[PDB]
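Reading through the structure tokens given below for one structure.
Protein chains: 2
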Amino acid sequence: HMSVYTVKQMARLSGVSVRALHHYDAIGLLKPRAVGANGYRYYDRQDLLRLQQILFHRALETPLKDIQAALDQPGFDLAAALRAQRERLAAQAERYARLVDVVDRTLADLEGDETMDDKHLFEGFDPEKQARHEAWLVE
Amino acid sequence: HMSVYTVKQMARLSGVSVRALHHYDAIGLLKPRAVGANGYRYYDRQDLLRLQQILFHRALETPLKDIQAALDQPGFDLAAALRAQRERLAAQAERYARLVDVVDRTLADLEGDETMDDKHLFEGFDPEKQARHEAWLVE
């Protein structure tokens with residue numbers, strides 16, 4: 247809330263390194279807002295929430311330049327951004343949980359009479375991740 | 247089980263493109279084993295299980311060359327490989343579910359008195375994904 251943090255403290259609190267925070271600072275992505283009377287710069291609550299936004303974007307494989315754009319958007323609403331991120335994180339949790347179900351079904355067939363239909367081997371894989379890989383194979 | 251598939255059929259069944267399967271074939275990753283009397287090559291059940299292994303590896307961001315190595319390992323046990331993949335897929339599902347919890351806790355603080363401790367903003371992020379990004383920032 248009123249707490250403010252040096253780079254050393256922000257690293258320890260967030261798990262982002264001092265190296266990364268200096269880089270995020272240099273490129274205008276995350277600049278410590280709070281300034282003391284000694285000219286030192288400190289991360290405040292608003293900076294912590296922006297860094298959390300950066301970590302959510304990276305969890306969701308958003309590329310570094312796209313992050314700046316998304317955060318600096320005029321009329322940026324943090325609660326809206328969080329709800330959109332929730333939906334995409336939930337969908338990733340459901341994909342991974344579906345892929346465990348596929349492993350479970352495959353193991354049981356495999357240690358059973360091996361009668362399970364072939365198509366059931368392949369339900370659950372991310373079509374998006376396949377397109378980005380077939381596109382790569384065309385070099 | 248006894249079913250065998252052309253490239254066109256294997257694409258339709260698996261969701262992998264004809265382009266990718268020809269590439270997987272060329273580089274020795276997945277070569278249709280079953281051969282007919284007309285010299286044509288067909289994917290059998292064992293090929294379907296190897297392709298499922300490739301799709302699990304790609305879900306778990308294993309690099310293409312590492313896949314060959316892992317599948318061609320002497321004493322390769324498919325049920326062992328599946329159980330190891332289960333554990334890593336489950337862990338990804340738990341990470342994504344934890345990140346939704348973090349969003350939920352943050353939203354409720356944000357629309358509340360904003361008293362939640364700062365450290366709670368940052369629990370749940372993948373430290374591995376952070377190291378691979380701080381390492382990248384050193385170019």
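Protein sequences appear in the order of chains R and H.
Using the numbering used here, you'd call the opening residue of the first sequence number 247 and step up by one each time.
Using the numbering used here, you'd call the opening residue of the second sequence number 247 and step up by one each time.
In this text, a Cβ means the ideal position worked out from N, Cα and C, and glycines have one as well.
Taking C-alpha positions only, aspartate 363(R) is separated from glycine 282(H) by approximately 22 Å.
DSSP places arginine 351(R) inside the alpha helix (DSSP H), whose first and last residues are 324 to 356. DSSP places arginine 296(R) within a helical segment (H, G or I) once states are collapsed to three.
The criterion of a C-beta distance shorter than 9 Å is not satisfied by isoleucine 300(R) and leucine 259(R).
Listed along chain H are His247 and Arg291, each with a C-beta nearer than 9 Å to that of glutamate 360(R). From the listed residues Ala377(R), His379(R) and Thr252(R), the smallest Cα separation to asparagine 284(R) is found for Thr252(R). DSSP places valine 384(H) in the coil class of the three-state scheme, outside both helix and strand. At a cut-off of 9 Å between beta carbons, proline 373(R) contacts chain H. Taking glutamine 338(R) as reference, the option from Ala305(H), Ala280(H) and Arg351(H) with the minimal CA-CA separation is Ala305(H).
Chain H has a Cβ within less than 9 Å of the Cβ of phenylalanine 368(R).
In this structure, the alpha-carbon of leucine 383(H) lies about 30 Å from that of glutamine 331(H). If you draw a straight line from the Cα of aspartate 355(R) to the Cα of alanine 336(H), it is about 20 Å long.
Between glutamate 385(H) and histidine 247(R) the beta-carbon gap is near 37 Å, outside 8 Å, which marks them as no contact. Taking a beta-carbon distance threshold of 9 Å, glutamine 314(R) does not count as an interface residue toward chain H. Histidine 366(H) is not a Cβ neighbour of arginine 344(H), given a cutoff of 9 Å. With a threshold of 16 other beta carbon atoms within 10 Å, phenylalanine 371(R) meets it and is buried.
Here DSSP, grouped into helix, strand and coil, assigns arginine 287(R) to strand.
Residue contact with chain R for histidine 303(H): absent (no Cβ-Cβ distance below 9 Å to any residue of chain R). Any Cβ of chain H closer than 9 Å to the Cβ of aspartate 364(R) would place that residue at the interface, and such an atom is present. Going by DSSP, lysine 311(H) is part of the alpha helix (DSSP H) stretching over 310 to 318.
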